[PDB]
Amino acid sequence: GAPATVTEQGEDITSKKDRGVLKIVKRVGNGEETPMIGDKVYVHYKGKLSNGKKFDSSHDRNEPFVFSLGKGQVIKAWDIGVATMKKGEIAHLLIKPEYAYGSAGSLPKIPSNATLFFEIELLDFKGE
Ligand SMILES: C=C[C@H]1CN(Cc2ccccn2)C(=O)[C@@H]2CCC[C@H]1N2[S@](=N)(=O)c1cc(Cl)cc(Cl)c1
């Protein structure tokens, strides 16, 4: 399925090239510009654990998730990954725990040492 495919066919987007965050572009977005640090980013997403459970979805809430890029309001992989996306892009990310919730996990949804899968759509980015 999609998690296996990004695991086996994704590209390393980390600065360290430690394969901690792999990406596949599913739908090419608009032009060349990606958001900058401090932008208010609006995304839709779905997240799955390695046991197949969908642990979250903005679609299911009928509202986008909004955060300020690059300010550590989200897991490291999101700040890294969303920063690579164009407006309108849909991407898959496969994230090792060192770029997500590590040995702690995040109670109750995320276990310790969890590799995470996301599908993310960048809706809009604005501001700083
Ligand atoms: C809508 C909540 C976000 C939570 N965070 C930041 C955060 C804030 C507080 C505690 C744990 N993580 C995040 O960094 C990431 C990435 C952006 C979407 C989503 N999460 S998430 N991984 O989907 C998620 C989803 C759910 Cl239902 C619970 C948790 Cl603990 C984490």
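Above this text you will find the structure in question.
The following refers to the structure shown. Note on numbering: positions run from 1 along each chain as its sequence is written and may not match the entry's numbering; residues without coordinates are not listed. Excluded from the side-chain calculations are hydrogens and water; all other atoms, namely the structure's heavy atoms, are used. Residues with missing side-chain atoms are left out of burial classes, side-chain pairs and their counts.

### Concerning the layout of surface pockets
- Buried and open spaces are told apart on a 1 Å grid over the protein atoms alone, a cavity being a set of points where a 1.4 Å probe fits but cannot get out and a pocket being an open set with protein on both sides within 12 Å along at least five of seven lines. Residues with an atom within 4 Å of a point are the lining residues. Grid points are joined across faces, edges and corners, and a volume is the space filled by probe spheres set on the points. As a volume, the second largest pocket reaches approximately 160 Å³.
- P3, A4, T7, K48, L49, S50, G52, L94, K96, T115, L116 and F117 together form the lining of the second largest pocket.
- To qualify as a helix, a DSSP run of H or I must reach at least 4 residues; to qualify as a strand, a run of E must reach at least 2; elements of each kind are numbered from the N terminus. Broken down by secondary-structure element, the contributors of at least two residues to the lining of the second largest pocket are α1 (2-9) and β7 (116-126).
- With three residues, the top contributor of residues to the lining of the second largest pocket is α1.

### Observations concerning the environment of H92
- Within the secondary structure, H92 is located in strand β6 (residues 90-95).
- Partly exposed residues are those whose accessible area sits between 20% and 50% of the maximum for their type, while under 20% is buried and over 50% is exposed, using a 1.4 Å probe and protein chains only. For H92, a relative accessible area of 5% puts it in the buried group.
- Along the backbone, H92 and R61 are 31 residues apart, and their C-alpha atoms lie at a distance of 20 Å.
- Apart from residues lying up to four places away in sequence, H92 is in contact with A2, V6, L22, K23, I24, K26, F117, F118 and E119.
- Pairs of N or O atoms within 3.5 Å make up the polar contacts considered here, provided that, within protein, one atom can donate a hydrogen while the other can accept it, and that residues adjacent in sequence are counted only when both atoms are side-chain atoms. Engagement of the side chain of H92 in a polar contact is seen with the side chain of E119, the distance being 2.8 Å. Between two residues, a contact is recorded if the distance between any of their heavy atoms is within 4.5 Å.

### Considering the environment of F65
- Within the fold, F65 resides in strand β5 (residues 65-68).
- By relative accessible area, which is 27% here, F65 ends up partly exposed.
- Here the alpha-carbon distance between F65 and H44, two residues 21 residues apart in the chain, equals 6.2 Å.
- For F65, the contacting residues outside a window of four places in its chain are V41, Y42, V43, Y45, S58, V74 and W78.

### What to know about the nonpolar core
- Here, nonpolar core means buried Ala, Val, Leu, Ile, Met, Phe, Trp, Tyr and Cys residues that are tied together by side-chain atoms lying within 4.5 Å of each other. The biggest cluster of nonpolar side chains holds 26 residues, and the ones touching the most others in it are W78, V82, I95, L116, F118 and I120.
- Elements supplying a minimum of two residues to this core: β3 (40-48), α2 (76-82), β6 and β7.
- For this core, the leading source of residues is β7, giving five residues.
- Contacts of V82, omitting those with residues within four sequence positions, involve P35, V41, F67, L69, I120 and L122.
- Membership of the second largest hydrophobic core comes to five residues, among which are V6, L22, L94 and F117.

### What about the site of the ligand?
- The near set for a molecule or strand comprises every residue that places at least one heavy atom within 4 Å of it. All residues adjacent to the ligand are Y45, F55, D56, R61, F65, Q73, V74, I75, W78, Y101, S106 and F118.
- In the environment of the ligand, an oxygen atom lies 2.8 Å from a nitrogen or oxygen atom belonging to the backbone of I75.
- One nitrogen or oxygen atom from the side chain of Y101 is found 2.8 Å from a nitrogen atom belonging to the ligand.
- Contact with the protein chains covers 67% of the free accessible surface of the ligand, which is 600 Å².
- Polar here means any residue outside two lists: the nonpolar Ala, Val, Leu, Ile, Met, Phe, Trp, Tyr, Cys and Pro, and the charged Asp, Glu, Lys and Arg; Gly therefore counts as polar. The class makeup of the residues in the shell around the ligand is eight nonpolar, two polar and two charged. Where accessible areas are quoted, they stem from the Shrake-Rupley method and a 1.4 Å probe; at the residue level, only the protein chains shown are allowed to cover.

### What about the pattern of salt bridges?
- By convention in these notes, a salt bridge is any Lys or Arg side-chain nitrogen within 4 Å of a carboxyl oxygen on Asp or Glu. Taken as a whole and assessed by the stated rule, the structure comprises five salt bridges.
- Across the salt bridge formed by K54 and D60, the nearest N and O atoms sit 2.8 Å from each other.
- Of the residues examined, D60 reaches a relative accessible area of 53% and is grouped as exposed.
- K71 is the salt-bridge partner of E128, the closest N and O atoms lying 3.7 Å from each other. Of the two residues, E128 sits in the segment after β7 while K71 sits in the loop between β5 and α2, which places them 57 residues apart along the sequence.
- What makes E128 exposed here is its relative accessible area of 57%.
- Residue classification places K71 among the partly exposed positions, given a relative accessible area of 45%.

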